[PDB]
Amino acid sequence: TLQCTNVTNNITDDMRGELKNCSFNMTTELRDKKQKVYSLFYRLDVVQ
Amino acid sequence: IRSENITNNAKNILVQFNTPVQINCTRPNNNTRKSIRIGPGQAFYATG
Amino acid sequence: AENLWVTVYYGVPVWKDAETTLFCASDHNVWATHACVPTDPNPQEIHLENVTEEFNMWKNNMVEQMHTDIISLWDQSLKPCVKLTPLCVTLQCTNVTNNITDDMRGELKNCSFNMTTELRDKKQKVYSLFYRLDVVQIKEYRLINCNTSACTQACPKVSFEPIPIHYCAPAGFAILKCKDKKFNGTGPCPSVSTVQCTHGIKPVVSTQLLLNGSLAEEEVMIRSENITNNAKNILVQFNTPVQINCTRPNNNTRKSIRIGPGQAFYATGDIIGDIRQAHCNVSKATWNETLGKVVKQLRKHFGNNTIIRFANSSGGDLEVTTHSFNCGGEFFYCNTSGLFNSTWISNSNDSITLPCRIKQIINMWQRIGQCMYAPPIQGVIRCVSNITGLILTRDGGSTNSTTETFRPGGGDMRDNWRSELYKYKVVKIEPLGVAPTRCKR
Ligand SMILES: *[C@@H]1O[C@H](CO)[C@@H](O[C@@H]2O[C@H](CO)[C@@H](O[C@@H]3O[C@H](CO)[C@@H](O)[C@H](O[C@H]4O[C@H](CO)[C@@H](O)[C@H](O)[C@@H]4O[C@H]4O[C@H](CO)[C@@H](O)[C@H](O)[C@@H]4O)[C@@H]3O)[C@H](O)[C@H]2NC(C)=O)[C@H](O)[C@H]1NC(C)=O
Ligand SMILES: *[C@@H]1O[C@H](CO)[C@@H](O[C@@H]2O[C@H](CO)[C@@H](O)[C@H](O)[C@H]2NC(C)=O)[C@H](O)[C@H]1NC(C)=O
Ligand SMILES: *[C@@H]1O[C@H](CO)[C@@H](O[C@@H]2O[C@H](CO)[C@@H](O)[C@H](O)[C@H]2NC(C)=O)[C@H](O)[C@H]1NC(C)=O
Ligand SMILES: *[C@@H]1O[C@H](CO)[C@@H](O[C@@H]2O[C@H](CO)[C@@H](O)[C@H](O)[C@H]2NC(C)=O)[C@H](O)[C@H]1NC(C)=O
Ligand SMILES: *[C@@H]1O[C@H](CO)[C@@H](O[C@@H]2O[C@H](CO)[C@@H](O)[C@H](O)[C@H]2NC(C)=O)[C@H](O)[C@H]1NC(C)=O
Ligand SMILES: *[C@@H]1O[C@H](CO)[C@@H](O[C@@H]2O[C@H](CO)[C@@H](O)[C@H](O)[C@H]2NC(C)=O)[C@H](O)[C@H]1NC(C)=O
Ligand SMILES: *[C@@H]1O[C@H](CO)[C@@H](O[C@@H]2O[C@H](CO)[C@@H](O)[C@H](O)[C@H]2NC(C)=O)[C@H](O)[C@H]1NC(C)=O
Ligand SMILES: *[C@@H]1O[C@H](CO)[C@@H](O[C@@H]2O[C@H](CO)[C@@H](O)[C@H](O)[C@H]2NC(C)=O)[C@H](O)[C@H]1NC(C)=O
Ligand SMILES: *[C@@H]1O[C@H](CO)[C@@H](O[C@@H]2O[C@H](CO)[C@@H](O)[C@H](O)[C@H]2NC(C)=O)[C@H](O)[C@H]1NC(C)=O
Ligand SMILES: *[C@@H]1O[C@H](CO)[C@@H](O[C@@H]2O[C@H](CO)[C@@H](O)[C@H](O)[C@H]2NC(C)=O)[C@H](O)[C@H]1NC(C)=O
Ligand SMILES: *[C@@H]1O[C@H](CO)[C@@H](O[C@@H]2O[C@H](CO)[C@@H](O)[C@H](O)[C@H]2NC(C)=O)[C@H](O)[C@H]1NC(C)=O
Ligand SMILES: *[C@@H]1O[C@H](CO)[C@@H](O[C@@H]2O[C@H](CO)[C@@H](O)[C@H](O)[C@H]2NC(C)=O)[C@H](O)[C@H]1NC(C)=O
Ligand SMILES: *[C@@H]1O[C@H](CO)[C@@H](O[C@@H]2O[C@H](CO)[C@@H](O)[C@H](O)[C@H]2NC(C)=O)[C@H](O)[C@H]1NC(C)=O
Ligand SMILES: *[C@@H]1O[C@H](CO)[C@@H](O)[C@H](O)[C@H]1NC(C)=O
Ligand SMILES: *[C@@H]1O[C@H](CO)[C@@H](O)[C@H](O)[C@H]1NC(C)=O
Ligand SMILES: *[C@@H]1O[C@H](CO)[C@@H](O)[C@H](O)[C@H]1NC(C)=O
Ligand SMILES: *[C@@H]1O[C@H](CO)[C@@H](O)[C@H](O)[C@H]1NC(C)=O
Ligand SMILES: *[C@@H]1O[C@H](CO)[C@@H](O)[C@H](O)[C@H]1NC(C)=O
Ligand SMILES: *[C@@H]1O[C@H](CO)[C@@H](O)[C@H](O)[C@H]1NC(C)=O
Ligand SMILES: *[C@@H]1O[C@H](CO)[C@@H](O)[C@H](O)[C@H]1NC(C)=O
């Protein structure tokens, strides 16, 4: 599950909603640990 | 102009130019890549 | 006046230096002989009169192919084996201090951890004894390999003991063998034969000391690609072997932990009795007079009044700075500082004890990201081997000084394979020939 917000810092009118700032929990090298990370995804790559 | 059956509109027409047309394609964003260790020897490359 | 015409001869005895793929012959084990042709009970050697052949052990492609074959056999013997991905967890480790000697302090860690079971929704608290060399602190530890790659446990039924392997040329190729004793591997061999397969060569993996190999029949043989280049390894072959006795004396207990459906991880349970260091013994007098032989043969290359000194390995990985080898499933890394510690000036029953450290996480060939976990061996382990040679490296050697210093080397197993294939080469037969003769068709 991705928790996504809108990327709105220095975007043009034709880039609105095109990039998602998504934070998620991810596995680590140790099987018993999780890391909260984030990534920029494209609107075409994620579905609500 | 090359078509398997030019009178069949279900056949694709292949056009070959004698002179090329120059196309200049850019992604202008200065993208930052970060690397996330998701397992032993396993990296996922996120957009920072 | 001559009246000579072209004449074609088929079946001529002519050959060229060639590179081809040799095949395996032999009389559960890593060095899979279930894909090797049976060896002929009476192999045929054809002694070629008057044939003087060019040999070069340092460009022998047989060595490269054999290295590839050994690596591939190692890789495919590990494929149907447990991948220890679950083992990359947090370990809660304490010191093993019950009946340890002063030289085993901190060497063993008693590590408890949570592990998966055969049921996906259940965890088991288990513990294991790990070696100081295998764990790194994050009281909390992790296995050394967990930030590089997951490790494959060696299947406990597969044996690591080397089996002799014979290398045979295909149709249209011949293996030429140099029968010349005193041969130093490069140049013209005037005593040549043809063999369909090489002799049984055991894939003995070791560093700084060649074990269980072939001996020189006349005297100690020094072989270097360019003896005056100190960046080239010197291969020493003994005429008489040196007996080395290596033991891990701990009475190890192996327990089996079900980490998944049909998946077992073999942990070290508890050492029954006293905990004390693994080691190797070499006869002091035998080693001393063997080094005397090596020195007498090195003076032939480095001067007759020079000082010949033997010193420790310079540095690097634990694989290269120690005599690293495999003794009945366990992986030893022995400190050969009591062996190479002496100077030689031109003019009883005790033994040298080399302390050894055990490892379970193994990177055999000089590769990164592909590691093997050695399961613990039940009980005490002891082996006896022949040192039949050395891999040395000369130190510096500018014209400033008259002392030559040699240090144990190794790491690259191609030098181990080159010490057995030095007297072999592969050629391809060129049967067609054209000559002048008086006939006309
Ligand atoms: C140089 O050559 C010498 C001589 O050839 C080598 O020394 C010999 O090495 C072999 C192998 O290490 C050794 O054979 C072992 O002897 C033990 C004592 O008799 C045996 O216990 C052992 O058998 C066990 O292991 C085999 C696989 O290795 C299994 O097939 C076998 O079933 C046994 O396994 C059972 O028992 C163990 C322990 O409880 C358990 O883990 C298993 O699951 C299973 O229950 C071998 O037969 C010779 O004894 C050595 N000989 C001498 C004189 O030392 C030397 O190693 C070579 N050097 C190098 C560097 O290669
Ligand atoms: C995407 O979201 C993350 C998290 O909200 C942003 O990272 C934060 O950036 C601020 C400064 O801008 C820092 O003070 C925070 O500490 C950061 N948080 C983390 C978890 O790193 C990031 O800037 C956002 N990126 C975009 C393009 O919107
Ligand atoms: C990462 O995981 C944590 C915990 O697993 C999430 O935090 C929990 O969020 C739920 C709501 O869905 C709450 O009910 C819990 O109380 C939270 N627990 C903690 C410890 O905070 C967190 O939301 C996850 N983050 C992302 C980006 O998915
Ligand atoms: C090119 O494609 C057309 C369309 O499929 C072919 O002509 C049709 O053939 C069907 C066959 O039953 C007739 O019912 C149609 O009346 C035809 N239409 C026309 C416009 O001719 C035509 O035969 C194809 N050409 C070739 C060379 O195969
Ligand atoms: C595509 O064309 C546009 C103009 O229509 C280019 O935008 C110009 O880029 C140059 C970069 O050297 C700037 O100096 C101009 O100020 C830009 N003008 C405008 C109106 O944006 C764009 O760079 C071109 N892209 C490619 C890949 O050729
Ligand atoms: C390693 O640690 C384990 C756990 O601390 C030890 O196992 C315990 O041994 C005592 C007797 O010495 C028993 O009473 C406990 O029930 C055992 N605990 C478990 C979880 O089995 C083990 O003896 C230690 N081994 C070494 C070599 O230190
Ligand atoms: C095995 O897992 C259990 C539970 O997942 C661990 O016990 C927890 O330890 C944390 C500290 O890291 C405490 O905050 C929790 O309250 C503990 N929970 C319980 C139920 O005891 C335990 O430490 C793990 N064991 C090992 C060896 O890693
Ligand atoms: C260590 O070296 C000795 C001496 O070369 C080996 O003993 C010889 O074994 C061969 C078997 O191929 C016999 O034909 C010789 O007669 C033996 N010679 C002596 C003096 O015993 C011994 O087998 C070697 N040990 C190992 C483990 O390689
Ligand atoms: C053995 O290797 C050495 C490399 O050190 C070769 O000699 C050197 O060649 C370079 C080439 O420019 C010179 O700069 C060095 O001065 C040479 N070394 C010495 C000590 O003179 C040498 O030719 C090689 N031997 C053979 C037979 O190939
Ligand atoms: C290596 O040599 C040492 C001696 O320095 C051996 O230790 C002896 O082992 C025997 C076993 O039969 C005992 O009876 C002696 O009391 C031990 N003496 C000492 C001083 O430790 C050791 O066993 C040898 N190991 C091998 C593998 O040969
Ligand atoms: C290595 O072990 C062998 C035995 O496995 C030792 O050979 C013994 O040597 C003594 C001489 O001190 C003889 O009395 C015994 O009869 C030999 N035993 C056998 C079975 O041959 C050898 O001495 C050991 N070498 C070292 C350096 O420890
Ligand atoms: C070869 O011998 C030297 C000295 O005889 C060893 O150097 C020692 O290294 C350890 C490791 O940190 C130090 O604690 C000692 O203080 C060093 N001794 C001296 C006298 O400086 C060297 O380690 C040996 N070579 C190998 C490969 O072990
Ligand atoms: C290999 O053995 C030598 C000889 O014992 C080690 O050198 C000793 O190192 C200790 C430090 O732990 C010093 O206290 C001794 O004085 C050193 N002795 C000599 C003769 O130099 C050497 O450290 C060992 N190699 C490794 C890698 O541990
Ligand atoms: C993100 O932006 C798009 C377009 O500006 C908008 O339709 C969408 O509702 C926004 N989502 C948010 C603010 O969560
Ligand atoms: C992109 O950003 C990096 C880091 O700030 C900078 O060094 C680089 O010059 C930038 N590239 C462009 C084309 O602006
Ligand atoms: C384990 O023993 C070593 C050497 O005796 C010591 O340096 C280390 O601190 C010990 N660790 C413990 C008691 O956790
Ligand atoms: C793994 O960890 C060790 C020690 O913590 C470190 O030396 C090594 O560089 C690390 N490897 C990678 C790939 O990060
Ligand atoms: C020993 O090796 C050297 C390497 O240059 C070679 O020239 C010499 O011929 C070899 N020895 C004999 C007897 O051929
Ligand atoms: C090792 O321990 C087992 C079980 O305690 C015992 O039967 C065996 O004899 C021991 N072996 C040695 C060499 O002490
Ligand atoms: C090396 O030899 C010297 C004698 O000059 C001795 O004092 C020293 O202990 C030896 N080192 C080892 C590791 O045996």
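Residue numbers (the numbering used here), protein chains in the order written: chain A, 6 to 53; chain B, 24 to 71; chain C, 650 to 1090. In this text, a Cβ means the ideal position worked out from N, Cα and C, and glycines have one as well.
Taking 6 Å as the cut-off, is the beta-carbon of residue i closer than that to any non-hydrogen atom of ligand 17?
i, result
"residue 797 of chain C", "yes"
Return no unless some Cβ of chain B is closer than 7 Å to the Cβ of residue i.
i, result
"residue 797 of chain C", "yes"
"residue 28 of chain A", "no"
"residue 1018 of chain C", "yes"
"residue 76 of chain A", "For chain A, the structure presents residues 6 to 53; residue 76 of chain A sits outside this window and is missing."
"residue 51 of chain A", "no"
"residue 42 of chain A", "yes"
In its own chain, which residues sit with a C-beta less than 8 Å from the C-beta of residue i, not counting the 5 before and 5 after it?
i, result
"residue 673 of chain C", "682, 684, 685, 686, 718, 814, 815, 816 and 817"
"residue 29 of chain B", "36"
"residue 709 of chain C", "1067, 1070, 1071, 1073 and 1074"
"residue 1002 of chain C", "928, 929, 930 and 987"
"residue 56 of chain B", "68, 69, 70 and 71"
Could you please give me the residues that DSSP links to residue i through a beta bridge?
i, result
"residue 857 of chain C", "DSSP, once it has assigned bridges, lists no residue as partnering residue 857 of chain C."
"residue 764 of chain C", "C:773"
"residue 757 of chain C", "C:780"
"residue 675 of chain C", "C:687"
From residue i to residue j, what distance separates their C-alpha atoms?
i, j, result
"residue 973 of chain C", "residue 22 of chain A", "60 Å"
"residue 920 of chain C", "residue 792 of chain C", "20 Å"
"residue 1084 of chain C", "residue 663 of chain C", "14 Å"
"residue 989 of chain C", "residue 63 of chain B", "39 Å"
"residue 669 of chain C", "residue 834 of chain C", "21 Å"
"residue 775 of chain C", "residue 811 of chain C", "34 Å"
"residue 841 of chain C", "residue 1034 of chain C", "31 Å"
"residue 968 of chain C", "residue 31 of chain A", "35 Å"
"residue 16 of chain A", "residue 7 of chain A", "22 Å"
"residue 52 of chain B", "residue 1042 of chain C", "54 Å"
"residue 941 of chain C", "residue 853 of chain C", "26 Å"
Just to check, is the beta-carbon of residue i closer than 6 Å to a non-hydrogen atom of ligand 11?
i, result
"residue 892 of chain C", "yes"
Compute every distance between the C-beta of residue i and the non-hydrogen atoms of ligand 18, then say whether any falls below 6 Å.
i, result
"residue 877 of chain C", "no"
Using a Cβ-Cβ distance cut-off of 7 Å, determine whether residue i contacts chain A.
i, result
"residue 46 of chain B", "no"
"residue 738 of chain C", "yes"
"residue 50 of chain B", "no"
"residue 60 of chain B", "yes"
Identify, in the order they occur along the chain, each residue of the same chain with its Cβ nearer than 7 Å to the Cβ of residue i, setting aside the five sequence neighbours on each side.
i, result
"residue 1008 of chain C", "780, 782, 783, 980 and 982"
"residue 652 of chain C", "1087"
"residue 867 of chain C", "830, 831 and 888"
"residue 777 of chain C", "760, 916 and 917"
Could you tell me whether any Cβ in chain C is nearer than 7 Å to the Cβ of residue i?
i, result
"residue 37 of chain A", "yes"
"residue 64 of chain B", "yes"
Ligand 12 and residue i: does any heavy atom of the ligand fall closer than 6 Å to the residue's C-beta?
i, result
"residue 970 of chain C", "yes"
Report all residues from its chain with a CB closer than 6 Å to the CB of residue i; omit the five preceding and five following residues, and keep chain order.
i, result
"residue 1037 of chain C", "859, 862, 864, 887 and 890"
"residue 731 of chain C", "802 and 912"
Less than 6 Å separating the Cβ of residue i from some heavy atom of ligand 3?
i, result
"residue 8 of chain A", "yes"
Ligand 20 and residue i: does the residue's C-beta get closer than 6 Å to at least one heavy atom of that ligand?
i, result
"residue 986 of chain C", "yes"
"residue 990 of chain C", "yes"
Residue i: beta carbon under 6 Å from a heavy atom of ligand 15?
i, result
"residue 53 of chain B", "yes"
Does any heavy atom of ligand 14 sit closer than 6 Å to the C-beta of residue i?
i, result
"residue 11 of chain A", "yes"
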